[PDB]
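J.:
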Amino acid sequence: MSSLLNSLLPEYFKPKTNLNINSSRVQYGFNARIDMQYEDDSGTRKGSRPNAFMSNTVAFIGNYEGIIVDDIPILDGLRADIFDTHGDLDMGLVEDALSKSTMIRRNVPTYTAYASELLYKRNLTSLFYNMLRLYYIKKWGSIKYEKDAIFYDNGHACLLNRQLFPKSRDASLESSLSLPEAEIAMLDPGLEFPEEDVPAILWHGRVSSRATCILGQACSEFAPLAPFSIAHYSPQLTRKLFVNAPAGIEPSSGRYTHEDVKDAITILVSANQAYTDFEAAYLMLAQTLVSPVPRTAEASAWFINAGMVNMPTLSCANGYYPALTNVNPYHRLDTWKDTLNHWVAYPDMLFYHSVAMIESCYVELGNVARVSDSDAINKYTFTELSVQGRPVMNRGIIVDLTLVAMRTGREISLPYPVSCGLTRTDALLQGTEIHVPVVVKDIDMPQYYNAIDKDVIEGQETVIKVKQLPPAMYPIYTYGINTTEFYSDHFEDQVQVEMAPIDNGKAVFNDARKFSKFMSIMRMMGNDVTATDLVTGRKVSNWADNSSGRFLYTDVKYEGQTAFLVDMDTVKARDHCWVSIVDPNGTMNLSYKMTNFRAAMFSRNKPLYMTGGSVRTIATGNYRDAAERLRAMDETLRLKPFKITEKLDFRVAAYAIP
Amino acid sequence: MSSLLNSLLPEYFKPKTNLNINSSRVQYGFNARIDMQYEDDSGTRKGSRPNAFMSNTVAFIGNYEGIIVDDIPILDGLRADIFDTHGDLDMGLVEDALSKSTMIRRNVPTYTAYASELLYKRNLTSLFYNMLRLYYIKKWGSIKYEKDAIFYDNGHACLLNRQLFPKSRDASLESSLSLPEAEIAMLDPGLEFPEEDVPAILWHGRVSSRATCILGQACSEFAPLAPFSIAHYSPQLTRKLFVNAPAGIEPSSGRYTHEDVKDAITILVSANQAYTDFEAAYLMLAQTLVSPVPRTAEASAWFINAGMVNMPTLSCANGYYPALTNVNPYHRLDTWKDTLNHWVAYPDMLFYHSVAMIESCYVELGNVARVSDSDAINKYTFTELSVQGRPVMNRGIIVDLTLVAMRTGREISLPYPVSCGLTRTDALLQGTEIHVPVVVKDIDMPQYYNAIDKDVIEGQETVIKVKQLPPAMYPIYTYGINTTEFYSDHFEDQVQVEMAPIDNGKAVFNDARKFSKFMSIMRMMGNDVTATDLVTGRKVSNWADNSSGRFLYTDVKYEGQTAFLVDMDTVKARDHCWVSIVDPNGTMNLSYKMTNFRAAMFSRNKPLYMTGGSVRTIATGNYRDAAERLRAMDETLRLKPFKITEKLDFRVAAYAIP
Amino acid sequence: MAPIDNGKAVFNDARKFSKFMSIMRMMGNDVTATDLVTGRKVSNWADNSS
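Okay, structure coming up:
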């Protein structure tokens, strides 16, 4: 659904068509003007950062594994005559429709008997999904993956690509897959009895030399070398695929460009009348196009074990019954062609729709992981109460759409209760300790991180014990639309730390809430604060991120009693464009204000600019008003004359309109 | 945009068609009559300057470099039916448009897929840019650049063309470039898949033997030997260029006249309907064509670092799909063929439009440089507040047209937000003193200029320091259209200043404004006064520039606060009218009137006379046969002007919204 | 003062120069001005009573 994913984008964000991606890492964000203030009994110290960049790093790598599951049939496409008043295939009108058609008379009785089983095999989501992945593999084919590269680095702990993804050879995305071609046979119209467990599709005119090569590779096993997101492992959809094309199927060309895959999709959707099938495949790919680079070192627990992708079995019986598909189809919603029409016009817009969906999910799974099991709406039972339909199993797209509904605070409506795609809530529901590997840089690591060893020499491979999952992404596109006090994503905020002159700089935060806001605002001001817990004896640093520049309470890496000693004569100025706290006395009052917002994207430590035309909000009415218009100007070549007009020179001629 | 740049010229001046330029340097100015009237405590004196020549100097020498960048598509020339009710390109109607205009309907699905990807990147501005440069290389192909010539010469200091332009030799303009030829192949109709990264253009009848050689050289690399403005380094546009000509193309001749390039441009625009693409290239050349000769030695800091010319990527899909270009083209403005009709009639008029543009930019940057970096409108954030469109980036022409709006004080509007051309604000946007290399002519040079070596000898090559960039040009064409206090370019003005007490033979001027008014009066009377800056200990002189007969405060060459000790005993008498007095007494009143303006141009120390007939006006009205003004003010670029609000400091300038 | 000036301020007026130098001494700051015309020096700390 293009419509619901479009509304997630911010108001200030004005996207263009083309986006020239030339790397496997993008820092999307915005530039804002922060007017910071520090008030005290001595006086006020004002600062101003005119261009403050708040970013979330997003990569094109992520371990996924496809499995073939059984899903509901999508009945949108079949002629409206055979359907009854309630909206189910009234068998008796099917036998009537087949009898009054251009079918062979000896096949009518035997084909009608099979109809009861074969007409309820309508799900082309798996085919469209694979054909969409082939489009983006050939478009962004020049992106590279190095084996010994830095997945994450925060100064203390480092995590390499070798650690998370073993059995991984370095190669380009184009050179990753070597897809073998499945057989594309021609359906004989005079076949005695239809062959079930072999799908048959429709086609307009002649199957081109390149269309054979695309359909051949789409219905085949994906066995990748490099762990890419749009080239993950998928099982063999089918062995053989029939195509009811009276004009013969040309043999396989071998080569094809990304423009030829768009040609193949547009013919397949139009012939089969499968637009709702495409809408399902569009939302599936939106989840599993890009995966987020973790905010903290201990936020890598989400991507340790491979999340399963639920691909519904390829099943289509249109080739055997050409009569039942015509120009008057049955559809539930009137805006059922909107998702395809959006993709054909603006293919590269999927990148923006993808980051909008994963940012919405991973933000909400952040503040869902911090609720006790003894509650009404908890970790296990947040999907059941929200869903008001009848899906087969609460997995895939249902779990991701219900998280988006919680974030935006609106009602998401789909025409069919389809349960296909990636399932994210895997590591959460387990409710056990996860052992993430790490290579150390400094020697004073295991004070900060909950490490397995207490003394570790530099360059050693250690393990961190993560119990509660910290947030993987900070809200950026969904900044101050549905604000919570955990993230504290306000435009205006203030904190009041109360100290007396008798205290020699040392302040104890009994409250946990205002400790979080103090440590966060001090980092905007470019000050390196290092607090020490009095009960346990561990240490926390506000500088625990190089992207957002905020301090969340989950950076403590421990749930206990709150007694944080901060010594305010060991505060060090780290960044540029900073206010100085030289020697405070009395009550401190910190405050900031974010005024304006400008969309910015970075890649390879350089600005990535959006190019091409101005993207519009395509509606169903905007095309069918031109159908209402029809260009009703009678196609008659009316040539109008020009009267020559003489003036002073007479050498040169001058023509007038009347 | 002819009508825009034509408005910048003064109301009294109307230039003739032809101009035989026969040098690399042209003075332009006017011969005005000044009627001064003096009054002080001693008495009254009345005089009259009968003939006074105020002029700038402009040259054909400027170091520039080309970069190929991706910009917006210009959707002008495509048929009106493919566009919907709003100003948006619908792919639903492209499928219909291509379907109705063919008998072979097998190719419609393939044609639509490729067309959707190519239409959002169509731009012929870079091709017309090179074709225009080839026209002027052949026409003015007898201009000599000598390496051991003078660039600036005052009397104390001197800059040679060895400095500012190393890696250069002595050559004529025709001898500078030795262009190779790209392959101009013929597109046979029947080819089904458009070859990627090769543009295809339409043509009228047979491609002439001469037309081949021009298109071949226009696409090739430019590698100059001598630094020339219209022969600057440009990257290779394309390798191949298809031409859908019904009659086959002829082989390349090798030689062509400047007249043959006009025939090539006129055909290429008419066939492709690329009138708005030409308008972009016309404005883009108006910036580059000429460069200023600096007013003082400090104003050479602008032209050290090579400014980047943003040339858009060459792409076009008219040759493949000639159905999309028909007899009813889509245009936003009704005056969309005025710029080509102006150039084809009067080619040599571009010289006057270029001088008008570069003057307006370099005059207003004189004020922007003096703005403090702690206000709403400053050097960093003046373009962003002005623009009211959605370009790719605030670069090239958008920066230049913003400065023209600030000069004239009128709202400038283009149909498409194009960001292509020279960016000047590079030396300005950096907090670093610039090291201008100079030659010592007189032994007393270190007293005047801020030199590194305080002791020098006639012939030594030293370096001078420039912190704040002074004005490179004085207002001549834009004289009195809007008068600032800094320049003081009034027709009628009454200057009042109080003379400081002359103790021994020296008068102390503590205030900054009073000192500016005093030396401004004494210059108009024609008295060469020399003062000593007390803080620095360097000698200032009101006779700094001889060409423009006025005193600017930037001639002091010291940003900050100071007090001046004026030498009243050594007041020389260079130019004496009857008004001219040596001994001022009490409150000095000078009231002057300027009348009888007449434009005059000098080239190689002789008068340069305009030849040919009188320019008759070509211009189209807002409506041809259009009923309702469908505003469509969403995509169109608009540039809002800023008015200078004078304040007490006088050294600092400030902008406000009118 | 403007940021373009690197701390250096010239007092054209005599009245406000006296008040600046006096209030800076209440605040306990040793300022040393230099006259541009003559070339002599003045110090605000020229008394230990008032």
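Residue numbers (the deposited numbering), protein chains in the order written: chain AB, 1 to 658; chain AA, 1 to 658; chain AQ, 499 to 548.
Just so it is clear, CB atoms sit at the ideal spot from N, CA and C, and this is done for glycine as well.
1) Whole angstroms is fine: what's the gap from AB:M601's alpha carbon to AB:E359's?
2) Rounded to whole angstroms, how far is the Cβ of AA:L132 from the Cβ of AA:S229, which I believe are closer than 8 Å?
3) Name the residue from AA:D625, AA:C158, AA:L637 and AA:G480 whose alpha carbon lies nearest to the alpha carbon of AB:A656.
4) What residues from the segment 343–372 of chain AB come within 7 Å of chain AA, judged by C-beta to C-beta, listed N to C?
5) Closer than 7 Å by C-beta to AA:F60: which residues in its own chain qualify, once you throw out the five before and the five after it? Chain order, please.
6) Assign AA:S419 to one of two classes, buried (16 or more other C-beta atoms within 10 Å of its C-beta) or exposed (fewer than that).
7) Please classify AA:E364: is it buried, with 16 or more other beta-carbons within 10 angstroms of its beta-carbon, or exposed?
8) Please tell me whether AA:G560 has its Cβ less than 8 Å away from any Cβ of chain AQ.
9) Within 8 Å of any Cβ in chain AQ, is that where the Cβ of AA:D511 sits?
10) Tell me, please, whether the CB atom of AA:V652 is closer than 8 Å to any CB atom in chain AQ?
11) Counting Cβ pairs, one atom from each stretch, are 3 or more of them under 8 Å apart for the segment 75–92 of chain AB and the segment 425–444 of chain AB?
12) Using only the alpha-carbon positions, how far apart do AA:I184 and AA:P199 sit?
13) Are at least three pairs of beta-carbons, each pair with one atom in the segment 551–558 of chain AB and one in the segment 7–25 of chain AB, less than 8 Å apart?
14) Alpha carbon to alpha carbon, how far is AB:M308 from AB:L422? Give it in angstroms, no decimals.
15) Taking the continuous alpha helix (DSSP H) assigned at AB:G216, which residues delimit it?
16) Could you work out which residues of chain AA lie near AQ:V508, taking near to mean beta carbons separated by less than 8 Å?
17) May I ask you to list, following chain order, the residues of the segment 368–397 of chain AA that have a beta carbon less than 8 Å from some beta carbon of chain AQ?
18) Between AB:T383 and AB:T402, which are expected to be in contact by the criterion C-beta below 8 Å, what is the C-beta distance as a whole number of angstroms?
19) Terminal residues of the continuous beta strand (DSSP E) containing AB:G366?
20) I need the straight-line Cα distance from AA:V404 to AA:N394, nearest angstrom please.
21) Is it buried or exposed, AA:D277, if we count other Cβ atoms within 10 angstroms and call 16 or more buried?
22) As a quick exercise: from AA:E39, AA:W543, AA:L225 and AA:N510, pick the residue whose alpha carbon is nearest that of AQ:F509.
23) Between which residues of its own chain and AA:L565 is the CB-CB distance below 7 Å, once the five residues before and five after are set aside?
24) Is AA:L177 helix, strand or coil when you go by DSSP?
25) Quick one: grab the DSSP three-state call for AA:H86.
26) At 3 residues or longer, what runs of the beta strand (DSSP E) sit wholly inside the segment 494–538 of chain AB?
27) Helix, strand or coil for AB:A600, going by three-state DSSP, please let me know.
28) Rounded C-beta distance between AA:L119 and AA:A317? I'm assuming under 8 Å.
29) At the level of alpha carbons, what is the spacing between AB:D148 and AB:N161?
30) So, for AA:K454: in the same chain, excluding its five sequence neighbours on each side, which residues have a beta-carbon less than 7 Å away from its beta-carbon?
31) Under 8 Å between C-beta atoms, does AB:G47 make it to chain AA?
32) Name the chain C residues whose beta carbon is nearer than 8 Å to that of AB:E259?
33) Inspect the beta-carbon positions of AB:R122 and AB:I74 and report whether they are closer than 8 Å.
34) In chain AB, what lies closer than 8 Å to AA:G92 by C-beta?
35) Give me the Cα-Cα distance between AA:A299 and AA:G248, rounded to the nearest whole angstrom.
36) Look at the Cβ atom of AA:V495, then the Cβ atom of AA:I521, and state whether they are nearer than 8 Å.
T.: Working from what's here:
1) 15 Å
2) So it is not a contact: roughly 12 Å between Cβ atoms.
3) AA:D625
4) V344 and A345
5) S24, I143, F228, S229 and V290
6) buried
7) buried
8) yes
9) yes
10) yes
11) no
12) 11 Å
13) no
14) 6 Å
15) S209 to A218
16) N510, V535, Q561, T562 and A563
17) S372, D373 and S374
18) 6 Å
19) It is not in any beta strand (DSSP E) - AB:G366 instead sits in the alpha helix (DSSP H) that spans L350 to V368.
20) 15 Å
21) buried
22) AA:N510
23) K506, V508, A531, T532 and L534
24) coil
25) coil
26) 506–509 and 530–533
27) strand
28) 7 Å
29) 6 Å
30) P446
31) no
32) Within the model displayed, chain C is absent; protein chains AB, AA and AQ are what it includes.
33) yes
34) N341, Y623 and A626
35) 54 Å
36) yes
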